[PDB]
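The structure under discussion appears below in the form of structure tokens.
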Amino acid sequence: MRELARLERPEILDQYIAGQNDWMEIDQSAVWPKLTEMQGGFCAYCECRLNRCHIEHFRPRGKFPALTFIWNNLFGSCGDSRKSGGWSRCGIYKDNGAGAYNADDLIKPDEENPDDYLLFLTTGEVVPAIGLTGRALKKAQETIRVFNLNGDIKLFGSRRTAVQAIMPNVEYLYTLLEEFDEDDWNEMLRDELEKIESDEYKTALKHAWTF
Amino acid sequence: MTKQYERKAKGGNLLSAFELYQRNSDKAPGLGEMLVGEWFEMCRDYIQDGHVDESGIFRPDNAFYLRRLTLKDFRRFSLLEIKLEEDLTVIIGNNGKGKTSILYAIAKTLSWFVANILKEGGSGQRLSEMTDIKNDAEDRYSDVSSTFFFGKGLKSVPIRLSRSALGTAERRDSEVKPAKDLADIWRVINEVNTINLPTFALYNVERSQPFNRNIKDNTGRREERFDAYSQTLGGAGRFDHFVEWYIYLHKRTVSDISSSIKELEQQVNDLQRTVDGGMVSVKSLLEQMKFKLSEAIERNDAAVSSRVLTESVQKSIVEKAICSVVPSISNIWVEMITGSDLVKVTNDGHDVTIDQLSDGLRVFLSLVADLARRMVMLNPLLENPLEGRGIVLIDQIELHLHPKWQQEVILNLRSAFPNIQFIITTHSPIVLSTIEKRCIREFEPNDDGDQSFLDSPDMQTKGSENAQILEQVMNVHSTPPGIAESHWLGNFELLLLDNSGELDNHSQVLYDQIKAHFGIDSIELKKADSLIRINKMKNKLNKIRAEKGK
Amino acid sequence: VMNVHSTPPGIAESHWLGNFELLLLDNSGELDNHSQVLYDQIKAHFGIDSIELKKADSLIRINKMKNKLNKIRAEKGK
């Protein structure tokens, strides 16, 4: 996934304190314009467009009750809880499906870089990164197992066709490496880094474009 | 009290004039002069007004359809609310989601309409008390609630069908009184002047039945209009009735109407020859033909008279409907051999008899022919009787059909029957590729029955690829996950990025397996080759970027 | 194997992506009013999250960069 720049704590959640009241008392509309500035209106778990969205807690509220009002726990979720069952990805799947998991067994997109631990292939399938062994390898397996990237059909097929829709673009832009010069050919890759952010999938196309 | 009903009739309502008609029709004229006539004229206008639009299709001013369907404790549904479209509604889902149960509930609802049209004070079908009740539910009763739309004067026609399991303290009952009222209006205006009754049909799985062709089921009734409602919600299309009706039409076209009525008068003249031959001794055939003349008098007068259109036009219209909707059959016609009367079609240029037609081209003709028969018998005041109102419940329209022929089945059906609200429950993505997004109801593949709504898919399915519809709407991979030969590109990319994009020891031999399996001209090997070139020249970019950086 | 196309042949909205690439190759990039109207119909009927719009964007930018190779040829020409 993407580096999310944790910019500034909003002043809405400073007045309400955990323990005295639950999460339902706050209005839900005062945090979304703060979150969409750093997320681009995207679920940062399926790396994922928010046609419908809700607020997802990275660590669960029932297990760690004095963690919800810190603002380091709030993210966007692919889909909404109002579906009478919900989806099977991003935020809903961790709280509904999967199973037991540890707090340190998960990758957090605020400070930890997901580029060197997981790897988006050209076929839409995610693998662990090469040379990765041990606790971080177990973490890279566990995050995919709880977030269902290798998983539900509507995410996997859409990511596969989004990466496969630019394969002639990548092929014909790369085959002119000897034809073009250094600065004006790396200008193509800065053009891609200025292009890809107005899409659903960013790091998958980053892995398809460069390495 | 009378004034309020007259004000409601002036404002526009079908039901408000009905009790006025029922209270003033029983007295004498003078007190009924123009009084009964204006409510009859307004009621028949509210039934029969319609206009031809810019595309040439007759559209009624007061369309009849089903708006909402609510199932409470019915089979697997706790409390399910479905909003149905005006023209086409598609219900999709896995095997196990109750999408045949929805059609069964709507058919049980429409049975009251059919029975109350057919006979005054009639009773339709009822819910079973052994299987339709939810075996998990604790209330021990199930009700199916529907709402019907019949124009601006009639916004809502409610109906509930209730059934309780045996042993309950309170006996739950139906509230089919508005269905009773609407079918009473239709029947008592139809008994005195001809109208265009709607078509109610259900085509369930049991249309997939073999053809017998030795069918001598009861001869004489298969030309009357109310025979068109005979077992129309049973589930199987009455192809027996259609083929008997079509032999009737062939005989009447070639003999009874080309050179006037002859086959009855020739044996009438035979009786006049044999009536004075001495001892009579022919009482067995003296009277069994005498009421055949009465049959041809009191039944064919409707079909030749102004109420029901010309029989040769009926034959042309049903033949046009069959050759327009049914894919490869282009003409249908009857042969009369010595002792036999058999119908043959032109399937792909070959004259093939019906009984040896294919099972995927005969159980669709059993739908289209029977539906066209019921429209041309029930809607005879139209230039195109296929433009009449009605509700038709097809179960799995893609049954026995090739994917080539699934690309046009619902387009052909909606083209031939524009005013019919089809409610179909398909399994294939290719049928969904010809149907709008808003016409589709769907079930998620986690749907234990608790949902109070069925919603459309997120992506548009009208022009999408079949792989996209299968892999976004129906939640199925394009390439199977139970096959080790399908993940070979993923294992290729894993083993190729393990050694930084070089075909050293594993990637080369796995590339040999892909080349020996999928083939030289295979698109999978085309992706493999493109990724090989792109990832072998990526190390050149790595070296150039390293030289730039340091 | 079935000889059945991915898009249905009886739907005029199915050939919008087929006509878009033909019009774009006929114009050789530099999308005109007709191509912009066709993109507007694809944007109206198909969503923003659609394979047709993704392929249309990919074709538009590959022909734009193809016209930029013709622009590269323009300095060394004549």
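Just so we're on the same page: first chain in the structure tokens is A, next is B, and so on; residues restart at 1 for each chain, and ligands are numbered from 1 in the order they show up.
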>> Counting only C-alpha atoms, a student should be able to say which residues of chain A come within 7 Å of chain B; what is the right answer, written as a PyMOL selection string?
In response: chain A and resi 84+123+130+153-154+157+171
>> Just want the 10 Å neighbourhood of residue 5 of chain C, counted on only C-alpha atoms, with same-chain residues fewer than 5 positions away dropped. Output as a PyMOL selection string.
In response: chain B and resi 403-404+407+430+465-466
> Could you pull the residues within 10 Å of residue 45 of chain C, counting only C-alpha atoms, minus those fewer than 6 positions along the same chain, as a PyMOL selection string?
Replying inline: (chain B and resi 460-463) or (chain C and resi 13+39)
>> What are the residues of chain C lining chain A at 10 Å or less? Count only C-alpha atoms, and put the answer as number ranges by chain.
In response: C: 48-52, 54-59, 61-63, 65-66, 69, 72
> What is the atom CA of residue 110 of chain A to atom CA of residue 4 of chain A distance in Å?
Replying inline: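 We find that atom CA of residue 110 of chain A and atom CA of residue 4 of chain A lie 5.1 Å from each other.
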>> Residues near residue 19 of chain C, anyone? I mean within 10 Å using only C-alpha atoms, not counting same-chain ones fewer than 6 positions away, as JSON, numbers by chain.
In response: {"C": [25, 35, 38]}
Using N, CA and C atoms, can you write the selected residues to a file as a PDB file, in the first residue's frame?
```
ATOM      1  N   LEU C  25      -7.250   6.411 -33.927  1.00  0.00           N
ATOM      2  CA  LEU C  25      -6.196   6.117 -34.891  1.00  0.00           C
ATOM      3  C   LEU C  25      -6.409   6.858 -36.205  1.00  0.00           C
ATOM      4  N   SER C  35     -14.546  12.681 -30.761  1.00  0.00           N
ATOM      5  CA  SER C  35     -13.923  11.791 -29.788  1.00  0.00           C
ATOM      6  C   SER C  35     -14.245  12.216 -28.360  1.00  0.00           C
ATOM      7  N   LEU C  38     -17.765  11.040 -27.724  1.00  0.00           N
ATOM      8  CA  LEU C  38     -17.768   9.593 -27.502  1.00  0.00           C
ATOM      9  C   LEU C  38     -17.232   9.231 -26.118  1.00  0.00           C
TER      10      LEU C  38
END
```
> Counting only C-alpha atoms, what is within 10 Å of residue 82 of chain A, bar same-chain residues fewer than 2 positions away, as a ChimeraX atom specification?
Replying inline: /A:52-54,79-80,84-87
>> Using only C-alpha atoms, I'd like every residue of chain C that has an atom within 6 Å of chain B; please write them out as a list in words.
In response: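 The answer, sorted by residue number, is residues 4, 6, 7, 8, 13, 14 and 46 of chain C.
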Resulting file, chosen residues, N, CA and C atoms, as an mmCIF file, in the first residue's frame:
```cif
data_model
loop_
_atom_site.group_PDB
_atom_site.id
_atom_site.type_symbol
_atom_site.label_atom_id
_atom_site.label_comp_id
_atom_site.auth_asym_id
_atom_site.auth_seq_id
_atom_site.Cartn_x
_atom_site.Cartn_y
_atom_site.Cartn_z
ATOM 1 N N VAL C 4 -17.948 -16.971 -29.943
ATOM 2 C CA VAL C 4 -18.858 -16.002 -29.342
ATOM 3 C C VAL C 4 -18.035 -14.830 -28.830
ATOM 4 N N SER C 6 -16.839 -11.342 -26.889
ATOM 5 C CA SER C 6 -16.894 -10.915 -25.494
ATOM 6 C C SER C 6 -18.012 -9.905 -25.266
ATOM 7 N N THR C 7 -18.195 -9.006 -26.177
ATOM 8 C CA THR C 7 -19.311 -8.082 -26.117
ATOM 9 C C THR C 7 -20.422 -8.543 -27.055
ATOM 10 N N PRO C 8 -21.688 -8.324 -26.696
ATOM 11 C CA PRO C 8 -22.797 -8.733 -27.573
ATOM 12 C C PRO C 8 -22.823 -7.915 -28.852
ATOM 13 N N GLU C 13 -24.056 0.079 -27.708
ATOM 14 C CA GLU C 13 -23.134 0.480 -26.656
ATOM 15 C C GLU C 13 -21.955 -0.473 -26.513
ATOM 16 N N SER C 14 -22.020 -1.664 -27.113
ATOM 17 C CA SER C 14 -20.898 -2.591 -27.034
ATOM 18 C C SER C 14 -19.743 -2.178 -27.934
ATOM 19 N N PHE C 46 -20.929 3.833 -18.972
ATOM 20 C CA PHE C 46 -20.041 3.129 -18.065
ATOM 21 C C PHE C 46 -19.587 4.075 -16.959
#
```
> How would you write, as JSON, numbers by chain, the set of residues in segment 405-481 of chain B that DSSP gives as alpha helix (DSSP H)?
Replying inline: {"B": [409, 410, 411, 412, 413, 414, 415, 416, 429, 430, 431, 432, 466, 467, 468, 469, 470, 471, 472]}
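Using only C-alpha atoms, the smallest distance between any of A:71, A:120, A:58, A:32 and residue 6 of chain A comes from A:71.
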> Expressed in Å to a single decimal, how great is the separation between atom CA of residue 233 of chain B and atom CA of residue 309 of chain B?
Replying inline: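 Calculated distance between atom CA of residue 233 of chain B and atom CA of residue 309 of chain B is 25.7 Å.
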> Counting only C-alpha atoms, which of B:375, B:264, B:161, B:321 gets nearest to residue 111 of chain B?
Replying inline: B:161
>> What's the separation between atom CA of residue 291 of chain B and atom CA of residue 266 of chain B, in Å to one decimal place?
In response: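 Computing the Euclidean distance for atom CA of residue 291 of chain B and atom CA of residue 266 of chain B yields 15.2 Å.
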>> Based on the backbone DSSP call, show me all residues of segment 39-118 of chain B assigned strand (DSSP E or B), as a PyMOL selection string.
In response: chain B and resi 50-52+58-60+64-74+77-83+88-92+95+97
Please produce a file of the residues just selected, as a PDB file, in the first residue's frame, where the atoms kept are C-alpha atoms.
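File produced: again.pdb:
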```pdb
ATOM      1  CA  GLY B  50     -53.469   3.760 -25.456  1.00  0.00           C
ATOM      2  CA  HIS B  51     -51.304   5.624 -27.952  1.00  0.00           C
ATOM      3  CA  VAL B  52     -48.726   4.875 -30.630  1.00  0.00           C
ATOM      4  CA  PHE B  58     -48.863   0.662 -28.821  1.00  0.00           C
ATOM      5  CA  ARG B  59     -48.396   1.847 -25.231  1.00  0.00           C
ATOM      6  CA  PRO B  60     -51.372   1.779 -22.829  1.00  0.00           C
ATOM      7  CA  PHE B  64     -50.410  -2.819 -15.194  1.00  0.00           C
ATOM      8  CA  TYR B  65     -47.444  -4.292 -13.332  1.00  0.00           C
ATOM      9  CA  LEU B  66     -46.196  -5.428  -9.923  1.00  0.00           C
ATOM     10  CA  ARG B  67     -44.424  -2.805  -7.811  1.00  0.00           C
ATOM     11  CA  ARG B  68     -43.162  -4.390  -4.580  1.00  0.00           C
ATOM     12  CA  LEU B  69     -42.899  -7.923  -3.223  1.00  0.00           C
ATOM     13  CA  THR B  70     -42.489  -8.628   0.496  1.00  0.00           C
ATOM     14  CA  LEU B  71     -41.759 -12.101   1.881  1.00  0.00           C
ATOM     15  CA  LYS B  72     -42.010 -12.611   5.651  1.00  0.00           C
ATOM     16  CA  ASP B  73     -40.884 -15.984   7.102  1.00  0.00           C
ATOM     17  CA  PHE B  74     -41.322 -17.434   3.599  1.00  0.00           C
ATOM     18  CA  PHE B  77     -36.373 -15.299   3.778  1.00  0.00           C
ATOM     19  CA  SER B  78     -36.849 -13.655   7.166  1.00  0.00           C
ATOM     20  CA  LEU B  79     -38.182 -10.328   5.864  1.00  0.00           C
ATOM     21  CA  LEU B  80     -37.248  -9.558   2.252  1.00  0.00           C
ATOM     22  CA  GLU B  81     -38.446  -6.502   0.317  1.00  0.00           C
ATOM     23  CA  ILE B  82     -37.945  -6.439  -3.463  1.00  0.00           C
ATOM     24  CA  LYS B  83     -38.643  -3.437  -5.694  1.00  0.00           C
ATOM     25  CA  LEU B  88     -37.605  -6.276 -16.897  1.00  0.00           C
ATOM     26  CA  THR B  89     -36.352  -7.575 -13.545  1.00  0.00           C
ATOM     27  CA  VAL B  90     -33.501 -10.091 -13.284  1.00  0.00           C
ATOM     28  CA  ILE B  91     -32.779 -11.973 -10.056  1.00  0.00           C
ATOM     29  CA  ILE B  92     -29.325 -13.560  -9.885  1.00  0.00           C
ATOM     30  CA  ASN B  95     -27.833 -22.222  -6.061  1.00  0.00           C
ATOM     31  CA  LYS B  97     -30.492 -18.289  -2.749  1.00  0.00           C
TER      32      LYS B  97
END
```
> Neighbours of segment 21-29 of chain A within 10 Å (only C-alpha atoms; same-chain residues fewer than 4 positions away dropped), as a PyMOL selection string?
Replying inline: chain A and resi 12-13+16-17+33-34+54-55+61+65+68-69
